[PDB]
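Okay, so we've got the same protein chain twice, two forms, each given alone as structure tokens, structure 1 and structure 2.
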Structure 1
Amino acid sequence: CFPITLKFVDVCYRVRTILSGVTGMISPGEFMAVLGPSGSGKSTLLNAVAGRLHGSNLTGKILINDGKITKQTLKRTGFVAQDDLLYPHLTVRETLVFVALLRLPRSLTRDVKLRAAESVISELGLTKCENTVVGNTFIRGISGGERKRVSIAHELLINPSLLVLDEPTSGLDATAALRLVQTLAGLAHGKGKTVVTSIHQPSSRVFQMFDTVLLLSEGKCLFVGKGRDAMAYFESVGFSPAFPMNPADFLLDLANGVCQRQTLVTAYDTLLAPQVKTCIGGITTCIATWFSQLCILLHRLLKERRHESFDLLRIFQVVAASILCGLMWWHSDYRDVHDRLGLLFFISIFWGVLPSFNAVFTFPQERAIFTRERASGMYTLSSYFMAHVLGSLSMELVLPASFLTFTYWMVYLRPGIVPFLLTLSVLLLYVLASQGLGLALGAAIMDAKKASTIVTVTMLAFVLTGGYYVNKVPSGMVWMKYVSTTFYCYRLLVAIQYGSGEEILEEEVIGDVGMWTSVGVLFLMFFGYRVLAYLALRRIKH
């Protein structure tokens, strides 16, 4: 009930000039294709007419519906990008319901907000595959011609009226590239939209689906016409095919100089180009809509935190370490101290290296998805950060709580329920204070290979200064132990099992720092590493 008339009369985009003099207008109900050679600037004319390149070095009068490009007339414009950014473990129906709860406004009820994710299922051909998982090339899911049809459905929830795609039929085979163009011509004809696209190398019966074409040979345009008379035009200039050929291949051969392009630029500006020119509170509301954004993001990512934590090779490493501790220290005796202290220091190494090494892969693997979803009005950074914080400290407390229950009663540590719940609490605090070091380095580096070798050097300096290997620290590096997390875990485990002398009586048992000082620093390192992981994600200003 509201059409749209795109009209651009612009001039060059100097980075060399990518575009130089292009022009043309698009009416409602008109499926248009923009085709040229590779590296000719057809990915820039689309990207600058949806409103994503402006200001610095782009001058022109790209005007939308006899007006001006505005934030008001930009919510009704969907730019389907070239690559697909989806979560693998979600199903196709769960993908489009979680997106529908974030894109659509909050004034609507939750009965039409998931009804409008149901008609988009049937408007495209996504009805047979609404229960299989999406997957990737690791997880066997939907086909490649349907992942593109989901990404088009991501942009049709907001009901746009100018849909600008960017090479849709690239990578698709011969019969899904035809069927995807057939349903895009149904949107422009049967619904009234203004679909604009750029096909790389169209086949012959894909070129019969177009209503308006546009050539681009390194800047300047050669033909802006209806498309059925693209061959009747070029024979008036003196060009014709010498053998039966695809019409989209002849006029794409004319663009890069191959004759059978100096006289094509000149004849356009004198015969065809001066013809289209003639047609020219907010207090208690912003709190409750913050927690509404957080409850949706904990349910999207719940299947992703479960695959990341409960991997079948991370279970085998904990099962294999829980039997070796239970067999080398089987039925230990408490009055030989040098063995009991080596049990309590292996636990501090093992649960400081595993939560901290696997946490550097969280943010580099999702920085391409996040920066697309953020600049679409779905969520800010403070609610995407607090869904990885709260979603990881609920799933990472399952394997160390099962390591210790199986081990504590075979290796014969202190009996009773009160020295067991103190050993469980110090261990689970040391797990949470140790993956914050992984989140702080993985978000300040943004490379999973350069940050996996700095977190290894960092946890090497925390082990050697933990107080077990070297006893006489050489008077210049005594400060090095007060910043290591392994030092504060190991001196708490010994204080629970032995206390302060009086029953074992070598003053490795008697500590030097304290009992409450060691737990007040592991909370300072728990909150202090999630702040420095947020200030490094704020630093990437888009």
Structure 2
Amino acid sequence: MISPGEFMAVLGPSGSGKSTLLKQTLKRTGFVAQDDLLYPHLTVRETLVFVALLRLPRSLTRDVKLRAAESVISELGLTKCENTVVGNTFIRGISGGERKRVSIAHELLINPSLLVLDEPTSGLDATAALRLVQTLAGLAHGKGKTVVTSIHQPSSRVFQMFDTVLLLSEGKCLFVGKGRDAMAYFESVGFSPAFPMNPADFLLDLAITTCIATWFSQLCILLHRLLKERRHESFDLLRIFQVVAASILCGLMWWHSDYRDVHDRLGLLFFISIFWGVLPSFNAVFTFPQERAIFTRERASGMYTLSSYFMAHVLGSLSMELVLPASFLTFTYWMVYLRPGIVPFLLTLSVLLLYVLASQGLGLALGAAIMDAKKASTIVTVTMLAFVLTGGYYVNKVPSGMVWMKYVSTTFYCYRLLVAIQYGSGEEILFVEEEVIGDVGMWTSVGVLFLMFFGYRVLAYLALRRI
């Protein structure tokens, strides 16, 4: 039993059952886990106001939501670090204490009366944990919040701040009540310390239109939230360097490529298709396993739906996955001197953008299907290799009983589209018939690529819904 405004600490050794022990009631109940599953690119204020808009009811406007988020940030002592990104182990951001306080404010925006916390002071410095428990006690007492927390091991100053201590050991309960008399209770049984020591250490030793409006609003919200995530890969130094190196390589190798040498242009188009099939799919396959945990945690509270998250993710990724291929095509066309014309330029640009979107959708679907990031990446690589080997440029004599594979590979279709844009039906050129004219036309290839992209998105959505 816990009274409102009382601070309870769940004490016990590792594996004693502290984690497992911890609709209107759930609405006012805020649960915080040990892991700080937060986006590392959003700053403090940005993240808390986003959670405020994504969790608070629609009867509250955006300006007052921002004001409430700012008040929560200032109440948790995050004013100094409000101008810094959250960060993670990879990219430097706020400290561990600030990150844990941001995680607390994530559930504090709903204004919960029953705050359950699993290991908040675990894994941080003595002073950071001391400040965290000071803040938690202040919220519990001054604001009258029913706070139940679990700590693997508290410090002395940390230990002396809980008004209630509940003791677990190997799944059973040993003591419940105030921390001050606890030793006395043990002194009732005959367990007295043999030396000056922290009483916490003894404890361990002894142990319809509205729905559409909400959908659109939260979809735009999640899209704006993931713009920050996409901005990293938009200007990733390694990615930009690789893209510009490939562009310069294509420009120099095919410098002022003529229309007479069909083989050189065919190889250039096939290489472009290979690059823009492998890179987007490989990039997209990593996101879904990486954000799976945070998506599950956020969906458990019911803050947002799966379809809105998926649409926001694809909308955010479209700009990142289209900015680079456009510049790559601009540089390559203006360096290697492919077929002149603004209309062919727009046609090939749209063709490659559609192919890149299809490859990104395939990568997202494969990442959704496989719960392991490395195995999903391996499957993506294998599928892309099987596709490129069936693109019509490496092998010209496909076995009769196997041809259906080249009818499902997107890189095939992209290569045929590129060849059609560069030379048409081969009337000017007229091996030519099989490598230029092809067996699949312009509009049918475009429709097949669009259908493949849409099907990949649908399959990814089905895989996400399966879990």
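Basically, rigid core = biggest C-alpha set you can superpose within 1.5 Å across the two forms. Here, residue number means position along structure 1's sequence, counting from 1.
In a rigid core superposition between structures 1 and 2, 112 is the single residue of 320, 457, 112, 417 whose Cα is displaced by 2 Å or more. Once the rigid core is used as the reference frame, the Cα position of residue 303 differs between structures 1 and 2 by less than 2 Å. The two forms, fitted on the rigid core, differ between structures 1 and 2 by less than 2 Å at the CA of residue 402. With a cut-off of 2 Å and the rigid core superposed, residue 433 has a Cα displacement that falls short of the cut-off between structures 1 and 2. Note on residue 219: its Cα is shifted 4.3 Å between structures 1 and 2, core used for superposition. Core-based superposition between structures 1 and 2 puts the Cα shift at residue 528 at 0.3 Å. CA movement of residue 338 between structures 1 and 2 equals 1.4 Å, with the two forms superposed on the rigid core.
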